[PDB]
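Student: Sharing a structure here in structure tokens format.
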Amino acid sequence: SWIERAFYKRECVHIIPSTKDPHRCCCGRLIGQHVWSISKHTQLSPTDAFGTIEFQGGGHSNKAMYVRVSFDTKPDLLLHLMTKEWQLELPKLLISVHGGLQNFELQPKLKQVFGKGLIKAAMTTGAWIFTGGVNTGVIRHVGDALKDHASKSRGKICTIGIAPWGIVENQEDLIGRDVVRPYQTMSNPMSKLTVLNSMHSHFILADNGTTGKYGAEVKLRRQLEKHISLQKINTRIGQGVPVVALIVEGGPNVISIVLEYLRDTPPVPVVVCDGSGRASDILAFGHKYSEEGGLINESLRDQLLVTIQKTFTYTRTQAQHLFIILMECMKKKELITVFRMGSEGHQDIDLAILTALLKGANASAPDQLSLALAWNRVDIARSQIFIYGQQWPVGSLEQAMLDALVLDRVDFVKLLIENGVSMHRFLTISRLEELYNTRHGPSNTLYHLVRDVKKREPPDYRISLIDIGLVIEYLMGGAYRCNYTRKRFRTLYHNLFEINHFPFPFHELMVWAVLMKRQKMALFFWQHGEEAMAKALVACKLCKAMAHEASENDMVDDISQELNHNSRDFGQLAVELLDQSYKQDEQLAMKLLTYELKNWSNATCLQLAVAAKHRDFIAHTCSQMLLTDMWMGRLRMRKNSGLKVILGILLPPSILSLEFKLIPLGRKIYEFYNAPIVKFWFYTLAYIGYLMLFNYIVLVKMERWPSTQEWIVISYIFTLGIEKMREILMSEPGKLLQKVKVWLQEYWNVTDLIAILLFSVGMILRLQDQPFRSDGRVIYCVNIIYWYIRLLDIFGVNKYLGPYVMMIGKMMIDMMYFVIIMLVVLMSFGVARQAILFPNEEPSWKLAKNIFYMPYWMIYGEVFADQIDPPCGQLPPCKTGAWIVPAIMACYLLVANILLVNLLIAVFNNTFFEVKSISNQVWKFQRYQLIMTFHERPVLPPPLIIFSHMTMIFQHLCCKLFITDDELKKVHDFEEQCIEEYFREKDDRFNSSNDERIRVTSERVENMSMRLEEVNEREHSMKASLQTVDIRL
Amino acid sequence: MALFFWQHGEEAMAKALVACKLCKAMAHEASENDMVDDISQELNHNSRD
């Protein structure tokens, strides 16, 4: 309704001047078909021809918006139609194609090059194509080109054509108000009226009142092209949209249109094509034979006049007037860019048209770069924006590098580093403060990440890097304490906002990449800068934490799967870099696996890898022989294990017969029981010593005063009680409730504390006699059940016991579900038996025992044969319908023992296959989890860990390899070989991959047929030319 | 070079079997040594080839 109330129209009400034909009026319509003011007397009224048009026929079905407006309407009102009602964004380029209204045919290779040129130009910048509207001539070649676009490319070209309303066939077919009107793409050859072009998107059909005559659209199109060029482009750097005028052939008028474009403020560059003929070919011949612009000699002025008088069929004074207009155009020779078929004329339409916009704008290089970044057309800008030996005005590539990061310009960053914009000098503190708050590019939920950490600690919140340091440490967690939250930068933030320069810029740039989820750029930030194994492990780990936040914020479930892609990238990549490092220098690769990442909060990378929970990295071989270095400790030893260690523990002089890798002999014993193998077995024998005592004290009598047997059992529970609580109070965080939380994720730790306190509950009841001693002995017999099962943990270490311990764990969840269905069937026959065998029963709790009594162990192979069918009758009376209870037994034991228990056999059998595939690897993952914690375990025995408490307190009251920088320097040197060695073999296996070899061959053999099609035709003409002069000779 | 020398000369069935046996002997011999296990892998690879 807004279109009818804002746009106007005009209709022919007039005095009917016959002129030539009595029916044909001044407007050309029929004399009875009626219903500027000079001779047409036209009246203004609201429109009734606008909406959508459904194009019926002509191959592909497409819909084009349309409107009929007056030719005298303001271009700002038409501009607001496109941007608001038609939902069209402001274009980054305007292309205005002009040419002959007559139909013509060009060369086939010319039409293919010009066709694929205009499509590809309209995709990369998203330009607007301005045509003549109707399906005639050059516009017909445009709609044939977008016919090829609709057959092979995803895009939708904004191809807004402007035609007179009076010339289109079937005007009554196109009458409506926001109504879809079908259109016929058939054109009658007898009718002089022509249909619209089939491949168009919008129409600005302009009515001057007349029908069948042109000129109703040129002034309105010109003013709208001027009005769009006054609009500033979104780069906001001091420039409008660029406008280019593409010319194919054309007639007498297109030379004047060229003149209006060149003699305009601001000037509009023009691009002309060769081979079509007529006015484009006289422009090309004039341009090549021009010398110094308007300085044209006398032989070539006459040659221009005779070709005008021949091709355009004009007189002598008409050719001379046209040559004056050409001379006025050629004074501004620099704006014309001539495309020539073949030769050195850029071999492409789009290299001609776009660099015509560079020198046609003639702006400052900062202004020019913002256009190139707006198109993401980096191929041309490599040769244009910074061309070879081109000067550049200072102080803008740093702001343009900021624009490159926010708009995902991974390719333009490579050109800024091609100049060498110092990525550290760029990255001041306030530069990075600015980079985080900007909401350009894609969606990134760091506004939500800062939102939910202020709950635990404005729409344009000035997000500090102090705030970033906080947002990191939640998602990274642990003892990672970010270098932002150092007191150095906290003091250097409020008092200050090259000492504001970050020392290792790509490190924090990876952070700012992966928080913003631009993986394409994350990979680049990783590529450059060192500590790359660190950077990858940090990358995948954080990514999984972001996938956790996708679930916690209830973000879109898609977001989880890109981060599942990304952790499988960063994870696999980390294994690839490690594996390559193991293929060069195995020992120095281990040196890379040990050094503390002081930049990354003083933390070992292998510590970060278990925190990454990434199975495959630890599972790689170089990680495992690094773990056996810890496990074996300071002990040479060999393949033999177990036995020899027990020899050192039991027999004291065996240490002198154990190979190591009187103060040195004191140092031998000093760290012999600091070996984590030795602390393993010697904890094991002390724990078997616990069970061996604790079976005794429950099986034999227990008098009132506890014996020496029980005192040692109580001492062992106290020592493992208070040494576990040393581990909690020194377990990473400072918050006391948080250290309780840290100890709580360890599942075996939780059940241990339960049994320590449960035995201590029965300890007090046991000091007193009955009725307290009565349950004091019983509850100990429940504790003995636990410590038998706790010994399963000690089994876990072994190569072959490692699978079994956790495998029964995953089969326990499958065990749970079987218990419900077995319970139902059990309870089913359970009450069916007691409702019939004993019909007369008082309400007692002993009844519920009898439900679960006989059928439960009857599933395990004992049918209670005495009670299958109790002989009665001939004996107390047979309970009525006891001829049913043996029958229920049959259905019970058949459906349960032969179906249900047999079900728990197959669901066990094949899930065993997936879980055995992980149990090799997850065992190796759990290795570092326990090996390091034996080194952090009590030094002496647990009973002498009371002596250990003593030593600890004495030292207290009285009071990674630690490598240096130049050692570390060649450690990083070892890394940038290996990062080049990954990215050599990735495009190696991309080239040698069999499919790719097929891929390249088809494109190469594509070009074979094309230029051999040349060679046969050119040897055809060479053959005929040879024979022609052979007769002459 | 062992493949090259095995190519020439006679008694090649014999030399192939003896080559497999010496590679297995070095496989358990470096299982006793346990200095580089990548060559127990690739001496098992030499024996299997």
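Following the order of the structure tokens, chains are lettered A, B, ..., residues in each are numbered from 1, and ligands are numbered from 1.
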Pick out the chain A residues within 12 Å of chain B. Count only C-alpha atoms. Give them as a ChimeraX atom specification.
Tutor: /A:582-583,586-587,621-622,625,636-640
Student: Fewer than 5 positions away in the same chain doesn't count, so skip those; otherwise give me all residues within 12 Å of residue 41 in chain B, counting only C-alpha atoms, as an mmCIF file with N, CA, C and O atoms, in the first residue's frame.
Tutor:
data_model
loop_
_atom_site.group_PDB
_atom_site.id
_atom_site.type_symbol
_atom_site.label_atom_id
_atom_site.label_comp_id
_atom_site.auth_asym_id
_atom_site.auth_seq_id
_atom_site.Cartn_x
_atom_site.Cartn_y
_atom_site.Cartn_z
ATOM 1 N N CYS B 23 66.850 -62.117 11.407
ATOM 2 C CA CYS B 23 66.086 -60.942 11.817
ATOM 3 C C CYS B 23 65.216 -61.237 13.036
ATOM 4 O O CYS B 23 65.061 -60.378 13.908
ATOM 5 N N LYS B 24 64.694 -62.462 13.149
ATOM 6 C CA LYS B 24 63.965 -62.850 14.358
ATOM 7 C C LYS B 24 64.900 -62.970 15.562
ATOM 8 O O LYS B 24 64.520 -62.640 16.700
ATOM 9 N N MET B 26 67.700 -61.201 15.979
ATOM 10 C CA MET B 26 67.942 -59.834 16.420
ATOM 11 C C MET B 26 66.702 -59.210 17.044
ATOM 12 O O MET B 26 66.829 -58.314 17.882
ATOM 13 N N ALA B 27 65.505 -59.679 16.670
ATOM 14 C CA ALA B 27 64.276 -59.157 17.266
ATOM 15 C C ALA B 27 64.184 -59.494 18.750
ATOM 16 O O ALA B 27 64.055 -58.598 19.589
ATOM 17 N N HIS B 28 64.318 -60.772 19.104
ATOM 18 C CA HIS B 28 64.428 -61.082 20.534
ATOM 19 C C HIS B 28 65.752 -60.676 21.168
ATOM 20 O O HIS B 28 65.811 -60.531 22.399
ATOM 21 N N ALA B 30 67.322 -57.732 20.633
ATOM 22 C CA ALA B 30 67.005 -56.370 21.032
ATOM 23 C C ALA B 30 65.738 -56.290 21.871
ATOM 24 O O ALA B 30 65.379 -55.196 22.312
ATOM 25 N N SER B 31 65.020 -57.401 22.043
ATOM 26 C CA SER B 31 64.067 -57.482 23.145
ATOM 27 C C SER B 31 64.793 -57.711 24.463
ATOM 28 O O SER B 31 64.309 -57.314 25.528
ATOM 29 N N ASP B 34 66.544 -53.981 24.668
ATOM 30 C CA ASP B 34 65.513 -52.963 24.854
ATOM 31 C C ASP B 34 66.055 -51.543 24.843
ATOM 32 O O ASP B 34 65.712 -50.731 25.709
ATOM 33 N N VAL B 36 66.352 -49.575 21.511
ATOM 34 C CA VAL B 36 65.383 -48.998 20.584
ATOM 35 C C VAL B 36 64.380 -50.068 20.149
ATOM 36 O O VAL B 36 64.745 -51.110 19.596
ATOM 37 N N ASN B 46 61.600 -56.653 8.609
ATOM 38 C CA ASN B 46 62.585 -57.338 7.772
ATOM 39 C C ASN B 46 62.400 -58.844 7.768
ATOM 40 O O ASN B 46 62.487 -59.459 6.703
ATOM 41 N N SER B 47 62.119 -59.447 8.928
ATOM 42 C CA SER B 47 61.879 -60.885 8.958
ATOM 43 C C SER B 47 60.609 -61.243 8.201
ATOM 44 O O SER B 47 60.582 -62.241 7.474
ATOM 45 N N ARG B 48 59.558 -60.414 8.314
ATOM 46 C CA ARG B 48 58.300 -60.817 7.696
ATOM 47 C C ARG B 48 58.379 -60.611 6.189
ATOM 48 O O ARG B 48 57.826 -61.409 5.429
#
Student: Write out as a VMD selection string the residues lying within 10 Å of residue 330 in chain A, counting only C-alpha atoms and excluding same-chain residues fewer than 6 positions away.
Tutor: chain A and resid 259 262 283 286 to 287 290 292 to 296 324 336
Student: Generate the output file for the selected residues, C-alpha atoms, as a compact mmCIF listing (two decimals), in the first residue's frame.
Tutor:
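Okay, this is what ended up in part-v7.txt:
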# COMPACT_ATOMS: atom_id res chain seq x y z
CA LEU A 259 30.62 11.90 -23.06
CA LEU A 262 33.48 11.37 -18.70
CA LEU A 283 36.11 3.54 -30.06
CA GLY A 286 40.26 5.48 -32.18
CA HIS A 287 41.91 4.51 -28.89
CA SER A 290 45.23 8.11 -30.75
CA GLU A 292 48.58 11.83 -27.26
CA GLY A 293 44.83 11.89 -26.67
CA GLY A 294 43.27 14.57 -28.86
CA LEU A 295 46.40 14.81 -31.03
CA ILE A 296 45.16 12.78 -34.00
CA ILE A 324 33.88 16.03 -32.91
CA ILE A 336 38.61 4.50 -21.19
Student: What is the CA of residue 787 in chain A to CA of residue 642 in chain A distance in Å?
Tutor: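 Computing it gives 23.2 Å between the two atoms.
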Student: When DSSP works through the backbone of this structure, what residues of chain B end up as alpha helix (DSSP H), shown as a VMD selection string?
Tutor: chain B and resid 2 to 7 12 to 33 38 to 48
Student: So the first atom is CA of residue 235 in chain A and the second is CA of residue 437 in chain A; what is the distance between them in Å, to one decimal place?
Tutor: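 Those two atoms sit 18.1 Å apart.
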Student: If you run DSSP on the backbone, which residues of range 207-402 of chain A are strand (DSSP E), as JSON, numbers by chain?
Tutor: {"A": [207, 243, 244, 245, 246, 247, 248, 270, 271, 272, 273, 336, 337, 338, 339]}
Student: For N, CA, C and O atoms, I'd like the residues from the last selection saved as a PDB file, in the first residue's frame.
Tutor:
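Result file again_19.pdb:
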ATOM      1  N   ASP A 207       7.091   5.057 -17.137  1.00  0.00           N
ATOM      2  CA  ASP A 207       6.092   5.501 -18.095  1.00  0.00           C
ATOM      3  C   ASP A 207       6.150   7.017 -18.218  1.00  0.00           C
ATOM      4  O   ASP A 207       5.997   7.733 -17.223  1.00  0.00           O
ATOM      5  N   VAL A 243      31.160   3.510  -9.626  1.00  0.00           N
ATOM      6  CA  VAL A 243      30.240   3.270 -10.731  1.00  0.00           C
ATOM      7  C   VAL A 243      31.066   3.088 -11.996  1.00  0.00           C
ATOM      8  O   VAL A 243      31.965   3.888 -12.275  1.00  0.00           O
ATOM      9  N   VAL A 244      30.781   2.024 -12.744  1.00  0.00           N
ATOM     10  CA  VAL A 244      31.460   1.747 -13.998  1.00  0.00           C
ATOM     11  C   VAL A 244      30.396   1.594 -15.083  1.00  0.00           C
ATOM     12  O   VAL A 244      29.257   1.198 -14.823  1.00  0.00           O
ATOM     13  N   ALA A 245      30.765   1.961 -16.308  1.00  0.00           N
ATOM     14  CA  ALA A 245      29.862   1.914 -17.455  1.00  0.00           C
ATOM     15  C   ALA A 245      30.442   0.954 -18.485  1.00  0.00           C
ATOM     16  O   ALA A 245      31.453   1.251 -19.128  1.00  0.00           O
ATOM     17  N   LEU A 246      29.793  -0.192 -18.647  1.00  0.00           N
ATOM     18  CA  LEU A 246      30.245  -1.212 -19.577  1.00  0.00           C
ATOM     19  C   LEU A 246      29.515  -1.066 -20.904  1.00  0.00           C
ATOM     20  O   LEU A 246      28.286  -0.993 -20.942  1.00  0.00           O
ATOM     21  N   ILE A 247      30.277  -1.002 -21.990  1.00  0.00           N
ATOM     22  CA  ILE A 247      29.753  -0.654 -23.302  1.00  0.00           C
ATOM     23  C   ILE A 247      30.056  -1.796 -24.258  1.00  0.00           C
ATOM     24  O   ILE A 247      31.216  -2.197 -24.406  1.00  0.00           O
ATOM     25  N   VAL A 248      29.017  -2.322 -24.899  1.00  0.00           N
ATOM     26  CA  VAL A 248      29.157  -3.267 -26.002  1.00  0.00           C
ATOM     27  C   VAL A 248      28.416  -2.697 -27.199  1.00  0.00           C
ATOM     28  O   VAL A 248      27.198  -2.490 -27.133  1.00  0.00           O
ATOM     29  N   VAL A 270      34.823   4.126 -17.982  1.00  0.00           N
ATOM     30  CA  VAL A 270      34.079   3.301 -18.922  1.00  0.00           C
ATOM     31  C   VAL A 270      34.977   2.164 -19.390  1.00  0.00           C
ATOM     32  O   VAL A 270      36.202   2.319 -19.472  1.00  0.00           O
ATOM     33  N   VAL A 271      34.373   1.003 -19.625  1.00  0.00           N
ATOM     34  CA  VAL A 271      35.056  -0.178 -20.139  1.00  0.00           C
ATOM     35  C   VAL A 271      34.353  -0.588 -21.421  1.00  0.00           C
ATOM     36  O   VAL A 271      33.135  -0.797 -21.420  1.00  0.00           O
ATOM     37  N   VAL A 272      35.108  -0.715 -22.506  1.00  0.00           N
ATOM     38  CA  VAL A 272      34.537  -1.042 -23.807  1.00  0.00           C
ATOM     39  C   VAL A 272      35.069  -2.406 -24.242  1.00  0.00           C
ATOM     40  O   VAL A 272      36.168  -2.814 -23.858  1.00  0.00           O
ATOM     41  N   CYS A 273      34.257  -3.134 -25.008  1.00  0.00           N
ATOM     42  CA  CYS A 273      34.607  -4.454 -25.509  1.00  0.00           C
ATOM     43  C   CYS A 273      34.810  -4.403 -27.016  1.00  0.00           C
ATOM     44  O   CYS A 273      34.193  -3.594 -27.714  1.00  0.00           O
ATOM     45  N   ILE A 336      39.000   5.617 -20.332  1.00  0.00           N
ATOM     46  CA  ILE A 336      38.611   4.502 -21.190  1.00  0.00           C
ATOM     47  C   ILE A 336      39.594   3.362 -20.971  1.00  0.00           C
ATOM     48  O   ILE A 336      40.811   3.545 -21.074  1.00  0.00           O
ATOM     49  N   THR A 337      39.067   2.189 -20.654  1.00  0.00           N
ATOM     50  CA  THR A 337      39.837   0.958 -20.670  1.00  0.00           C
ATOM     51  C   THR A 337      39.267   0.069 -21.763  1.00  0.00           C
ATOM     52  O   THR A 337      38.060  -0.201 -21.783  1.00  0.00           O
ATOM     53  N   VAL A 338      40.124  -0.355 -22.682  1.00  0.00           N
ATOM     54  CA  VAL A 338      39.715  -1.132 -23.843  1.00  0.00           C
ATOM     55  C   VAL A 338      40.057  -2.589 -23.588  1.00  0.00           C
ATOM     56  O   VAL A 338      41.227  -2.936 -23.391  1.00  0.00           O
ATOM     57  N   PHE A 339      39.043  -3.442 -23.596  1.00  0.00           N
ATOM     58  CA  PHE A 339      39.263  -4.877 -23.575  1.00  0.00           C
ATOM     59  C   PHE A 339      39.352  -5.375 -25.008  1.00  0.00           C
ATOM     60  O   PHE A 339      38.501  -5.047 -25.839  1.00  0.00           O
TER      61      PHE A 339
END
Student: Write out as number ranges by chain each polymer residue whose atoms come within 12 Å of residue 379 in chain A, counting only C-alpha atoms; drop sequence neighbours fewer than 6 positions from it.
Tutor: A: 124, 350-351, 354-355, 372-373, 385-387, 411-412, 414-415
Student: Take the selection from the previous step and output its residues with N, CA, C and O atoms, as a PDB file, in the first residue's frame.
Tutor:
ATOM      1  N   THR A 124      31.510 -11.473  -6.779  1.00  0.00           N
ATOM      2  CA  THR A 124      32.548 -11.209  -5.785  1.00  0.00           C
ATOM      3  C   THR A 124      32.276  -9.933  -4.998  1.00  0.00           C
ATOM      4  O   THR A 124      32.439  -9.910  -3.774  1.00  0.00           O
ATOM      5  N   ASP A 350      37.098  -9.148 -16.081  1.00  0.00           N
ATOM      6  CA  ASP A 350      37.068  -8.638 -14.718  1.00  0.00           C
ATOM      7  C   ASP A 350      38.377  -7.994 -14.296  1.00  0.00           C
ATOM      8  O   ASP A 350      38.374  -7.124 -13.423  1.00  0.00           O
ATOM      9  N   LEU A 351      39.495  -8.371 -14.907  1.00  0.00           N
ATOM     10  CA  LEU A 351      40.710  -7.623 -14.629  1.00  0.00           C
ATOM     11  C   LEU A 351      40.669  -6.267 -15.317  1.00  0.00           C
ATOM     12  O   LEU A 351      41.244  -5.295 -14.814  1.00  0.00           O
ATOM     13  N   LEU A 354      37.825  -3.912 -13.165  1.00  0.00           N
ATOM     14  CA  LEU A 354      38.021  -3.596 -11.757  1.00  0.00           C
ATOM     15  C   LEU A 354      39.210  -2.671 -11.542  1.00  0.00           C
ATOM     16  O   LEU A 354      39.142  -1.751 -10.722  1.00  0.00           O
ATOM     17  N   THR A 355      40.302  -2.881 -12.278  1.00  0.00           N
ATOM     18  CA  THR A 355      41.388  -1.910 -12.231  1.00  0.00           C
ATOM     19  C   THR A 355      41.031  -0.617 -12.945  1.00  0.00           C
ATOM     20  O   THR A 355      41.687   0.402 -12.713  1.00  0.00           O
ATOM     21  N   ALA A 372      38.751  -2.897  -1.774  1.00  0.00           N
ATOM     22  CA  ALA A 372      39.234  -4.241  -2.081  1.00  0.00           C
ATOM     23  C   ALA A 372      38.879  -5.217  -0.971  1.00  0.00           C
ATOM     24  O   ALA A 372      38.474  -6.355  -1.230  1.00  0.00           O
ATOM     25  N   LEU A 373      39.009  -4.771   0.277  1.00  0.00           N
ATOM     26  CA  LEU A 373      38.591  -5.569   1.421  1.00  0.00           C
ATOM     27  C   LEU A 373      37.077  -5.758   1.445  1.00  0.00           C
ATOM     28  O   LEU A 373      36.579  -6.756   1.978  1.00  0.00           O
ATOM     29  N   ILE A 385      46.416  -2.771  -5.058  1.00  0.00           N
ATOM     30  CA  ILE A 385      46.403  -1.964  -3.845  1.00  0.00           C
ATOM     31  C   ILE A 385      47.831  -1.656  -3.436  1.00  0.00           C
ATOM     32  O   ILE A 385      48.201  -0.493  -3.240  1.00  0.00           O
ATOM     33  N   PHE A 386      48.642  -2.698  -3.325  1.00  0.00           N
ATOM     34  CA  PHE A 386      50.088  -2.557  -3.295  1.00  0.00           C
ATOM     35  C   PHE A 386      50.594  -3.268  -4.541  1.00  0.00           C
ATOM     36  O   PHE A 386      50.885  -4.466  -4.517  1.00  0.00           O
ATOM     37  N   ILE A 387      50.668  -2.522  -5.639  1.00  0.00           N
ATOM     38  CA  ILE A 387      51.316  -2.986  -6.857  1.00  0.00           C
ATOM     39  C   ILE A 387      52.818  -2.858  -6.664  1.00  0.00           C
ATOM     40  O   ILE A 387      53.279  -2.258  -5.686  1.00  0.00           O
ATOM     41  N   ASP A 411      43.151 -14.137   3.765  1.00  0.00           N
ATOM     42  CA  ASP A 411      43.938 -13.803   2.593  1.00  0.00           C
ATOM     43  C   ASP A 411      44.517 -12.384   2.643  1.00  0.00           C
ATOM     44  O   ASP A 411      45.699 -12.200   2.342  1.00  0.00           O
ATOM     45  N   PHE A 412      43.749 -11.380   3.095  1.00  0.00           N
ATOM     46  CA  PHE A 412      44.314 -10.027   3.168  1.00  0.00           C
ATOM     47  C   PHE A 412      45.346  -9.871   4.275  1.00  0.00           C
ATOM     48  O   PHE A 412      46.188  -8.975   4.189  1.00  0.00           O
ATOM     49  N   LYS A 414      47.643 -12.062   4.849  1.00  0.00           N
ATOM     50  CA  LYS A 414      48.863 -12.505   4.180  1.00  0.00           C
ATOM     51  C   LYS A 414      49.472 -11.428   3.288  1.00  0.00           C
ATOM     52  O   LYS A 414      50.680 -11.447   3.040  1.00  0.00           O
ATOM     53  N   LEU A 415      48.657 -10.499   2.781  1.00  0.00           N
ATOM     54  CA  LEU A 415      49.200  -9.357   2.043  1.00  0.00           C
ATOM     55  C   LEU A 415      49.721  -8.275   2.978  1.00  0.00           C
ATOM     56  O   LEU A 415      50.649  -7.539   2.627  1.00  0.00           O
TER      57      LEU A 415
END
Student: With a distance cut-off of 12 Å and only C-alpha atoms, select the neighbouring residues of residue 680 in chain A, excluding the residue or stretch itself and same-chain residues fewer than 5 positions from it, and output the selection as a short mmCIF file (atom, residue, chain, number, x, y, z; two decimals) with N, CA and C atoms, in the first residue's frame.
Tutor:
data_model
loop_
_atom_site.label_atom_id
_atom_site.label_comp_id
_atom_site.auth_asym_id
_atom_site.auth_seq_id
_atom_site.Cartn_x
_atom_site.Cartn_y
_atom_site.Cartn_z
N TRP A 631 58.11 -43.56 35.58
CA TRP A 631 57.78 -44.80 36.27
C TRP A 631 59.00 -45.55 36.79
N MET A 632 60.00 -45.74 35.92
CA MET A 632 61.26 -46.34 36.33
C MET A 632 62.09 -45.41 37.19
N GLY A 633 61.88 -44.10 37.06
CA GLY A 633 62.56 -43.13 37.90
C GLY A 633 64.05 -43.08 37.66
N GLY A 642 58.72 -56.07 38.12
CA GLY A 642 58.16 -56.87 39.19
C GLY A 642 59.22 -57.37 40.14
N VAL A 645 62.37 -55.54 41.58
CA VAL A 645 62.01 -54.43 42.46
C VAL A 645 61.67 -54.95 43.85
N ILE A 646 60.94 -56.07 43.90
CA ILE A 646 60.60 -56.72 45.16
C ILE A 646 61.85 -57.24 45.86
N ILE A 649 63.22 -54.20 47.65
CA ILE A 649 62.40 -53.83 48.80
C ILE A 649 62.62 -54.78 49.96
N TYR A 673 63.65 -45.48 47.01
CA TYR A 673 62.24 -45.52 47.34
C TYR A 673 61.51 -44.25 46.97
N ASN A 674 62.16 -43.32 46.25
CA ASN A 674 61.43 -42.29 45.52
C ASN A 674 61.11 -42.70 44.08
N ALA A 675 61.59 -43.85 43.64
CA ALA A 675 61.17 -44.37 42.35
C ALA A 675 59.68 -44.71 42.40
N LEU A 685 52.27 -53.98 48.97
CA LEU A 685 52.54 -54.95 50.02
C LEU A 685 52.05 -54.46 51.38
N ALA A 686 52.05 -53.15 51.61
CA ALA A 686 51.47 -52.62 52.84
C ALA A 686 49.95 -52.73 52.81
N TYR A 687 49.35 -52.75 51.62
CA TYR A 687 47.90 -52.78 51.54
C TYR A 687 47.38 -54.21 51.60
N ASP A 793 41.61 -51.60 42.27
CA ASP A 793 42.34 -50.43 41.81
C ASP A 793 43.82 -50.75 41.59
N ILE A 794 44.38 -51.52 42.51
CA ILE A 794 45.78 -51.92 42.49
C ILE A 794 46.00 -52.88 41.32
N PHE A 795 44.96 -53.64 40.95
CA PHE A 795 45.02 -54.45 39.73
C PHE A 795 45.19 -53.60 38.48
N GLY A 796 44.57 -52.41 38.45
CA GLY A 796 44.45 -51.57 37.26
C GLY A 796 45.71 -51.25 36.46
N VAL A 797 46.86 -51.25 37.13
CA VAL A 797 48.15 -50.85 36.58
C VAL A 797 48.60 -51.78 35.45
N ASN A 798 48.36 -53.08 35.61
CA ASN A 798 48.92 -54.11 34.75
C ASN A 798 48.39 -53.98 33.32
N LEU A 930 48.13 -41.75 37.25
CA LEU A 930 48.49 -42.38 38.55
C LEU A 930 50.01 -42.32 38.77
N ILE A 931 50.80 -42.39 37.70
CA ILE A 931 52.27 -42.43 37.78
C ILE A 931 52.83 -41.18 38.44
N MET A 932 52.31 -40.02 38.05
CA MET A 932 52.72 -38.77 38.68
C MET A 932 52.25 -38.71 40.13
N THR A 933 51.09 -39.29 40.42
CA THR A 933 50.56 -39.17 41.77
C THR A 933 51.16 -40.21 42.72
N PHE A 934 51.93 -41.18 42.22
CA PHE A 934 52.79 -41.93 43.14
C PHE A 934 54.02 -41.13 43.52
N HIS A 935 54.46 -40.23 42.64
CA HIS A 935 55.58 -39.39 43.02
C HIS A 935 55.13 -38.36 44.03
N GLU A 936 53.87 -37.94 43.94
CA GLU A 936 53.27 -37.06 44.94
C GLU A 936 52.69 -37.83 46.12
N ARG A 937 52.78 -39.17 46.08
CA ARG A 937 52.28 -40.01 47.19
C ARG A 937 53.27 -39.97 48.36
N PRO A 938 52.90 -40.44 49.58
CA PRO A 938 53.81 -40.46 50.77
C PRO A 938 55.17 -41.07 50.42
N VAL A 939 56.24 -40.49 50.96
CA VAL A 939 57.62 -40.96 50.63
C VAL A 939 57.93 -42.27 51.39
N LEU A 940 57.67 -42.31 52.70
CA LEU A 940 57.93 -43.51 53.49
C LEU A 940 56.70 -44.43 53.35
N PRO A 941 56.60 -45.56 54.07
CA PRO A 941 55.31 -46.30 54.08
C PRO A 941 54.18 -45.47 54.65
N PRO A 942 52.89 -45.79 54.35
CA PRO A 942 51.73 -45.08 54.98
C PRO A 942 51.81 -45.11 56.51
#
